[PDB]
């Protein structure tokens, strides 16, 4: 089997991407944030504290003839950005782009933190990291991909995120029309539960390539590109007037700037992030200070190849017995 679904930016900045997901019988379609940096499929629901729901579409398990309470199971997750959610668990039928999993753990939120409530466009998350990170207790549950894997034509999914435009998540096949040139594959460590890999270096603009190992994670659920302070300083030094602002929370730059590109290495291959992808717009409405899309990972504890990086590539998440990651230009 295979599946193919369009993923759409939630706003004009590509702050996140939502993908429609069918849950239950009859189908209840919710727009979920596909997150290769976590491993829980959770939704706003009829159980979510009413004051914490503001415009989201909810899953109502009592209206699904295939929903079953997973007795005794609870979940609770905290994300890198400080947001969180928790609740109980149902199993139900879940379909993405025509690919159906029966008995998928659907984690129903009883509580969500303010950032979730305040984002009316995201009805929940669909985790695509390794199932070892799943938070359900006392019996850990599998991700949608892990459940689907054996049925797939090939044990892979691909992320093809758009810049200020829709893109595609495919399951079970590689669309050879969706990228240019060849796909370069690189080793993955699953030791921390992430799609963790090592970039071979970087360049700023038309500058020379610096060969250096940068360990990080391919994370569709993180907006920005978080890299070591040395790398980030080298980038912003090429933008007149750019500075790190402790009050704003990172590097800002004059909105009048033209940003240089940023290149990262994948083996001997190179992925170029155009400068425009690094612009996250005014820090507040009407400001002439703009927020940068490349920020320091210092104090996160890991480098994160988030959407800024991934949307410059066609990315293969290869879930074979020994997982790997593939990157192609597009």
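Each position is counted from 1, following the chain as shown.
The backbone N, Cα and C atoms fix where each Cβ goes, and this holds for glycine too.
Over in Swiss-Prot, the protein carries these features:
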type	residues	note
ACT_SITE	35	active site
ACT_SITE	199	active site
DISULFID	255-290	disulfide bond
DOMAIN	17-328	domain 'Peptidase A1'
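Structure coloured by features recorded in Swiss-Prot.
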residue : record         : DSSP class
35      : active site    : strand
199     : active site    : strand
255     : disulfide bond : coil
290     : disulfide bond : strand
Original post:
What same-chain residues, at least 6 away in sequence, bring their CB to under 8 Å of the CB of residue 255 (disulfide bond)?
Top reply: 281, 282, 287, 288, 289, 290
Subject >> Cβ atoms near residue 199 (active site) (within 10 Å, other residues, all chains) >> reply: 22
Original post:
Between residue 35 (active site) and residue 199 (active site), what is the CA-CA distance rounded to a whole number of Å?
Top reply: 20
